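Protein chains in written order, with the authors' numbering: chain D, 39 to 70; chain V, 487 to 525; chain U, 320 to 820, 871 to 917; chain c, 24 to 310; chain C, 19 to 58.
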Amino acid sequence: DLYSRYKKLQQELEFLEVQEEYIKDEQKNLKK
Amino acid sequence: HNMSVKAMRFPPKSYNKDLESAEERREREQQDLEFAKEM
Amino acid sequence: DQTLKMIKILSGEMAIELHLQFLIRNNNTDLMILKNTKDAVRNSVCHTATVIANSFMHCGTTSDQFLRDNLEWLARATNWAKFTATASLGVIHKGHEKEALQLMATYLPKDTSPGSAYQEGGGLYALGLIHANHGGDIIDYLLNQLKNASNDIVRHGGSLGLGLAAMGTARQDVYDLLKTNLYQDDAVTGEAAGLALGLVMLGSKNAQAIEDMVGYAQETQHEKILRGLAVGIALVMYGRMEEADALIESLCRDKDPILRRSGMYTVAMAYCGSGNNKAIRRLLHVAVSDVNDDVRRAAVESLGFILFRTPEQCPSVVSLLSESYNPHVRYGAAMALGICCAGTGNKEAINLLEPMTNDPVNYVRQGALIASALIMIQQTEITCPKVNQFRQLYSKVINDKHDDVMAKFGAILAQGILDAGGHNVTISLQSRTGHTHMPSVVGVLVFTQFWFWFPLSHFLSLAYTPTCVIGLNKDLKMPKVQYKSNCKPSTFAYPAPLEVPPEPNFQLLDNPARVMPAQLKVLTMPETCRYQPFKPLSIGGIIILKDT
Amino acid sequence: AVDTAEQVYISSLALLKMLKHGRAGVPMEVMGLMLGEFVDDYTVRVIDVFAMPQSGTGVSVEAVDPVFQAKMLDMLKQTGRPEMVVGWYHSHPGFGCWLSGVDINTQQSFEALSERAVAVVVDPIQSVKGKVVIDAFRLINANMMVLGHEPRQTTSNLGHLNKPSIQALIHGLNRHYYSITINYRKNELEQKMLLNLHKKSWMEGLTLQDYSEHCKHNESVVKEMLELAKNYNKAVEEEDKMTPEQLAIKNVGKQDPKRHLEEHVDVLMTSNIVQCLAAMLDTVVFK
Amino acid sequence: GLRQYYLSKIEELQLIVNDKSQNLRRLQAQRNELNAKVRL
Ligand SMILES: [Zn+2]
């Protein structure tokens with residue numbers, strides 16, 4: 039199949055975006 | 487000074503495992519503590 | 320007939336006794352393992368820890384020989400184990416109408432009248448366990464006894480039994496006596512009312528009843544009444560995707576740490592299997608910032624409840640949380656893997672849980688063992704080689720004297736998990752249809768609260784589901800079909816106990882034949898028998914098997 | 024029976040009363056009463072604490088003077104609201120927390136009236152910020168010790184969370200008493216009105232900080248910062264040498280540049296940037 | 019034009035992955051050295 043090649047690949051940009059925002063919280067939270 | 491930070495944090499890698507203290511020597515620490523409490 | 324059809328398909332009775340028929344025929348267990356764990360006789364947790372193990376590994380098989388070998392070691396522990404010993408009797412008789420009243424005829428509260436009322440008041444807890452999702456007299460027999468009874472020592476087992484049988488039914492009659500059970504201004508009715516008050520209103524969002532519950536848990540001065548309602552207001556909303564978000568912000572903002580924690584379970588149940596980016600932002604933001612440890616453990620344990628639909632992504636995010644500074648997040652990282660990938664023999668998850676049993680905190684060594692138990696049930700050495708690597712590991716830590724009681728509490732509990740029903744039942748939060756199995760979703764969430772009540776995680780039989788293909792040709796008649804397999808034959812292995820004082874891939878099978886779900890593809894269709902299945906054989910369970 | 028989840032809710036006012044009375048009369052073991060509001064079989068709540076005066080010189084828990092407490096119990100009764108004595112405390116000065124053999128006897132006189140009087144130990148010396156040294160206890164019957172029977176019949180995974188110290192384990196724990204997990208009752212009626220009132224700088228940053236001496240202090244650092252850079256013009260030059268793990272042990276006698284040299288740069292920046300900015304806001308606001 | 023419409027999205031999305039994933043691995047290991055300082 040080819041239709042899943044983009045729909046599943048945009049599905050993880052949804053999933054990737056939290057993680058860089060997530061460690062952004064912990065660069066300051068561990069210092070406090 | 488920012489670029490000497492932004493081009494510096496790449497060789498942090500293979501920090502393999504921060505070991506707490508032990509499994510065995512921790513248990514030996516617990517046994518030694520139990521000996522003192524009995525004493 | 321077509322007149323009889325609504326009985327045959329909506330009561331679902333011929334799946335109940337047939338699953339009982341599968342368990343009464345297939346029973347591959349051991350007495351020696353309980354005799355290996357017999358040697359820990361002391362006044363510790365162990366008596367409750369043994370009776371919770373055999374009740375897990377003998378669900379619905381009605382086999383009372385692992386308990387009837389003695390009476391004194393069973394009746395040694397008291398005052399809540401006798402609440403749990405009479406509780407465990409019903410799980411062994413799960414899904415069986417007849418041998419509920421007649422075996423507990425000793426344990427009716429008005430026959431013997433001993434010095435223990437927990438022995439006789441906890442029977443109604445087990446009656447709800449037998450007829451879960453089956454409402455009949457078991458509603459009204461448990462209704463009428465809760466009009467006139469003792470204090471909240473029979474009223475725990477009665478109310479938790481009655482909300483279990485009427486789970487998700489929105490009955491007004493069960494709501495009536497659960498109102499007056501709630502407004503006792505009493506701590507000991509707190510788990511009695513608030514848990515079953517959500518169970519009968521599952522997925523109902525009757526907003527007056529929500530306003531009754533959250534309006535009651537703001538002024539009360541006890542904590543179990545704050546805690547039983549904490550799960551119940553999470554359970555009243557179930558799979559809504561947007562319809563709780565006003566309430567989720569209302570609970571997250573509140574000063575109450577219990578109620579913020581309750582809002583974390585509510586967003587876990589409003590997004591069951593949902594890969595929503597919107598939920599995961601502030602569910603896992605408050606996993607960072609909040610100061611109570613209870614809410615931080617409930618935060619990371621909401622991840623597998625919302626992301627079990629794809630088990631590939633959860634080891635990529637919770638591996639990083641297994642090295643947190645506090646052990647509380649280090650705990651809830653382990654059960655997050657234990658509730659997500661548990662239906663799979665996940666190679667990556669066991670790789671993460673390998674050093675998790677090494678941590679100097681006792682309860683993270685505990686929850687590492689439960690998550691190691693859930694990851695590899697009904698798996699023998701070829702889905703992953705780490706099975707027998709861990710079979711020795713639970714025996715390694717239970718025969719030690721110098722371990723903690725809590726650390727070896729995970730080992731004794733993992734024995735009843737990993738050998739459940741003689742390797743005949745398994746967990747499934749998932750059907751082949753894509754639809755989630757909602758009593759198992761309730762049953763695994765309620766299982767997490769063994770911290771705050773020990774027989775509250777006795778609610779685990781809802782998660783146990785068989786894996787057996789079943790053939791059928793008439794309404795009643797068993798067929799006689801025997802098919803075989805195609806792939807590698809050692810995958811069909813058995814536990815093969817030791818009992819100390871040239872190969873197949875043509876494995877013939879009868880009609881109630883157990884099979885791994887990964888072994889559904891490796892079998893052969895019956896082409897040479899008299900029977901030929903009209904259905905394409907893709908799922909197990911019961912099918913019509915057309916006689917040709 | 025008890026379910027080892029006993030969960031003592033205390034207060035916010037009493038802990039300050041505990042530490043002040045424990046610190047001002049420190050090396051003598053001081054004591055007092057716990058005037059709280061008793062609740063159910065599971066928890067107990069102690070909201071108010073009044074201190075009891077001593078008897079004489081000497082570290083002891085001597086005895087209670089029921090002349091004093093009976094007049095004190097009806098003192099605030101006629102003014103505020105009724106409460107009831109739910110326990111008592113003393114203070115080990117620099118020990119830790121345990122029940123001594125003298126401490127256990129005055130406890131045993133108090134468990135006779137009510138079976139739930141709490142023995143509380145506070146230590147006002149081993150406490151710094153996130154430590155308030157605590158863990159109240161309560162006796163167990165020695166009758167059950169002869170039976171060999173383990174009490175308190177664990178029904179919840181809430182008791183065995185804190186690990187006891189080995190020095191308290193030398194004493195009667197766990198053969199005569201037990202620990203109890205506690206938390207604290209905080210509320211916004213108190214939380215905000217102590218945060219926004221403790222360290223508030225009034226008009227300090229709207230000053231110039233001794234304007235002839237700030238630039239004078241701006242040379243009082245830089246002059247020795249030259250020679251501290253000469254050490255940094257020295258220590259880098261003996262590298263590609265004996266394997267700088269050896270340059271970790273060996274540098275514990277004499278001072279290093281590299282850490283000391285990035286030290287003053289933080290000092291010579293925040294002393295300058297704060298003072299230069301505050302000079303340029305006075306020019307706009309003041310005419 | 020499914021060659022020249024749909025396949026034009028696979029070629030684009032991989033470019034956003036190949037640096038934002040590198041942003042994470044730099045950043046999480048930056049915390050991982052910081053987390054080693056805390057527990058020790
Ligand atoms: Zn003392």
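Each residue gets a CB set at the ideal place from its N, CA and C atoms; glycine is no exception.
### Task
Please find out if some non-hydrogen atom of ligand 1 comes closer than 7 Å to the beta-carbon of residue 5 of chain c.
Since the first and last residues shown for chain c are 24 and 310, residue 5 of chain c lies out of range.
#### Entry: Assigned exposure category for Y644 of chain U - 16 Cβ within 10 Å defines buried
As a working mapping, residue 644 of chain U is identified with position 325 in the third sequence. The residue is exposed, with fewer than 16 neighbouring Cβ atoms inside 10 Å.
### Those runs of the alpha helix (DSSP H) which lie wholly inside the segment 144–197 of chain c and span at least 4 residues
Qualifying alpha helix (DSSP H) stretches, in chain order: 166–170, 189–193.
### Query
Going along the chain, which residues of its own chain have a beta-carbon closer than 6 Å to the beta-carbon of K904 of chain U, five neighbours each way excluded?
Along the third sequence, read from residue 1 onward, the residue named residue 904 of chain U stands at position 535. The answer, listed in chain order, is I912.
#### Entry: Cβ-Cβ separation, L548 of chain U to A563 of chain U (assumed contact under 8 Å), whole Å
Here residue 563 of chain U refers to the residue found at position 244 of the third sequence. Here residue 548 of chain U refers to the residue found at position 229 of the third sequence. Going by Cβ atoms, the distance from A563 of chain U to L548 of chain U rounds to 16 Å, so no, they are not a contact pair.
### Task
Compare the C-beta of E173 of chain c with all C-beta atoms of chain U and state if any pair is closer than 8 Å.
If you number the fourth sequence from 1, residue 173 of chain c lands on position 150. Yes, its Cβ sits closer than 8 Å to a Cβ of chain U.
### According to DSSP, residues forming a beta bridge with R68 of chain c
Reading the fourth sequence from its first residue, position 45 is the one you call residue 68 of chain c. In DSSP, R68 of chain c forms a bridge with c:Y32, c:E60.
### Query
Any chance the segment 748–757 of chain U sits against the segment 157–169 of chain c, with 3 or more Cβ pairs inside 8 Å?
Verdict: no, contact absent.
### Query
Expressed to the nearest angstrom, what Euclidean distance is found between the alpha-carbon atoms of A28 of chain c and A394 of chain U?
Within the fourth sequence, numbered from 1, the residue matching residue 28 of chain c stands at position 5. Within the third sequence, numbered from 1, the residue matching residue 394 of chain U stands at position 75. The alpha-carbon atoms of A28 of chain c and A394 of chain U are separated by roughly 24 Å.
### Message
I'd like the span of the beta strand (DSSP E) that includes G110 of chain c, first residue to last.
### Response
As a working note, residue 110 of chain c is residue 87 in the fourth sequence. It spans 107–114 - the beta strand (DSSP E) in which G110 of chain c sits, taken as one unbroken run.
### Message
Between the segment 116–127 of chain c and the segment 86–105 of chain c, can you find at least three pairs of beta-carbon atoms closer than 8 Å?
### Response
no
#### Entry: Bridge partners - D916 of chain U, DSSP secondary structure assignment
Residue mapping note: residue 916 of chain U aligns to position 547 of the third sequence, counting from 1. As a beta-bridge residue in DSSP terms, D916 of chain U pairs with U:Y900.
### Local Cβ density within 10 Å of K727 of chain U, reported as buried at 16 or more and exposed below that
If you number the third sequence from 1, residue 727 of chain U lands on position 408. Residue environment for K727 of chain U: buried (at least 16 other C-beta atoms within 10 angstroms of its C-beta).
#### Entry: Alpha-carbon to alpha-carbon, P267 of chain c and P280 of chain c
Mapped onto the fourth sequence, residue 280 of chain c falls at position 257. Mapped onto the fourth sequence, residue 267 of chain c falls at position 244. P280 of chain c and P267 of chain c: Cα-Cα distance of roughly 15 Å.
### Per DSSP, cross-strand counterpart(s) of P50 of chain c
Within the fourth sequence, numbered from 1, the residue matching residue 50 of chain c stands at position 27. DSSP output for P50 of chain c lists no bridge partner at all.
#### Entry: Sufficient close CB pairs (3 or more, under 8 Å) joining the segment 58–75 of chain c to the segment 25–44 of chain c
yes
### Query
Which partner residues does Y783 of chain U have in the DSSP bridge list?
For the purposes of this step, residue 783 of chain U is taken as the residue at position 464 of the third sequence. The partner list for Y783 of chain U (beta bridge, DSSP) reads U:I746.
### Query
Any idea if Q698 of chain U is buried or exposed, counting beta-carbon neighbours within 10 angstroms, 16 or more meaning buried?
The count along the third sequence starts at 1 and reaches residue 698 of chain U at position 379. Answer is buried; the Cβ neighbour count reaches 16.
### Task
Express the C-alpha separation of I411 of chain U and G664 of chain U in angstroms, rounding to a whole number.
Taking the first residue of the third sequence as 1, we reach residue 664 of chain U at position 345. Taking the first residue of the third sequence as 1, we reach residue 411 of chain U at position 92. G664 of chain U and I411 of chain U: Cα-Cα distance of roughly 27 Å.
#### Entry: Residue burial classification, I189 of chain c (beta-carbon count within 10 angstroms, cutoff 16)
Taking the fourth sequence and counting its residues from 1, the one referred to as residue 189 of chain c is at position 166. It counts as exposed.
#### Entry: Distance, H221 of chain c Cα to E227 of chain c Cα
By one-based count along the fourth sequence, residue 227 of chain c stands at place 204. By one-based count along the fourth sequence, residue 221 of chain c stands at place 198. Between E227 of chain c and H221 of chain c, the C-alpha separation is close to 16 Å.
### Message
Just to be sure I understand the criterion: a residue counts if its Cβ is closer than 6 Å to at least one heavy atom of ligand 1. Which residues meet that?
### Response
c:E52, c:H113, c:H115, c:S123, c:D126
### Task
Indicate whether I567 of chain U and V586 of chain U have their beta-carbon atoms separated by less than 8 Å.
Within the third sequence, the letter at position 248 stands for residue 567 of chain U. Within the third sequence, the letter at position 267 stands for residue 586 of chain U. For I567 of chain U and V586 of chain U, yes; Cβs fall inside 8 Å.
### Task
Apply the 10 Å Cβ neighbour rule to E542 of chain U and answer buried if 16 or more other Cβ atoms are within range, or exposed otherwise.
The count along the third sequence starts at 1 and reaches residue 542 of chain U at position 223. By the 10 Å Cβ count, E542 of chain U comes out buried.
### Message
Just checking: is the beta-carbon of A508 of chain V within a distance shorter than 8 Å of some beta-carbon in chain c?
### Response
On the second sequence, residue 508 of chain V is found 22 positions in, with the first residue counted as 1. No, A508 of chain V lies away from the interface with chain c (no Cβ there is under 8 Å from its Cβ).
### Query
Residues of chain c with a CB under 8 Å from the CB of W772 of chain U: which are they?
Here residue 772 of chain U refers to the residue found at position 453 of the third sequence. Correct list: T178, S179.
### Query
Which runs of the alpha helix (DSSP H) spanning at least 4 residues fall entirely within the segment 430–482 of chain U, listed in chain order?
437–440, 442–449, 456–464
### Query
So with Cβ pairs under 8 Å, would you call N596 of chain U a contact of chain D?
What you label residue 596 of chain U is simply residue 277 of the third sequence in a count that begins at 1. With a threshold of 8 Å between beta carbons, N596 of chain U makes contact with chain D.
### Task
Run the CB neighbour count on residue 848 of chain U, radius 10 Å, all protein chains shown included, and call it buried at 16 or more, exposed below.
Coordinates for residue 848 of chain U are lacking, as chain U steps from 820 to 871 with nothing built in between.
### Task
Confirm, please, whether the CB-CB distance from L570 of chain U to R579 of chain U is below 8 Å.
Looking up residue 579 of chain U in the third sequence gives position 260. Looking up residue 570 of chain U in the third sequence gives position 251. Yes; because the gap between Cβ atoms is below 8 Å, this pair is in contact.
### Task
Kindly give me the distance between the Cβ atoms of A511 of chain U and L479 of chain U, rounded to whole angstroms, as I take these residues to be in contact under 8 Å.
For the purposes of this step, residue 511 of chain U is identified with residue 192 of the third sequence, where counting begins at 1. For the purposes of this step, residue 479 of chain U is identified with residue 160 of the third sequence, where counting begins at 1. About 7 Å separates the two Cβ atoms, so the contact holds.
### Query
Is any beta-carbon of chain C found at less than 8 Å from that of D504 of chain V?
Taking the first residue of the second sequence as 1, we reach residue 504 of chain V at position 18. Output row for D504 of chain V: interface = yes.
### Query
Is DSSP giving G594 of chain U helix, strand or coil here?
For this step, residue 594 of chain U is matched to residue 275 along the third sequence. Residue state, collapsed to three classes: coil.
### Query
Counting only beta-carbon atoms, is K574 of chain U nearer than 8 Å to chain c?
As a working mapping, residue 574 of chain U is identified with position 255 in the third sequence. Yes, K574 of chain U lies at the interface with chain c (some Cβ there is under 8 Å from its Cβ).
### Query
In chain C, what lies closer than 9 Å to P498 of chain V by C-beta?
Taking the first residue of the second sequence as 1, we reach residue 498 of chain V at position 12. Result: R44, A47, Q48, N50, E51.
### Query
Should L817 of chain U go down as buried or exposed, given a rule of 16 or more other Cβ atoms within 10 Å for buried?
Along the third sequence, one-based indexing puts residue 817 of chain U at 498. Its Cβ having fewer than 16 others within 10 Å, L817 of chain U is exposed.
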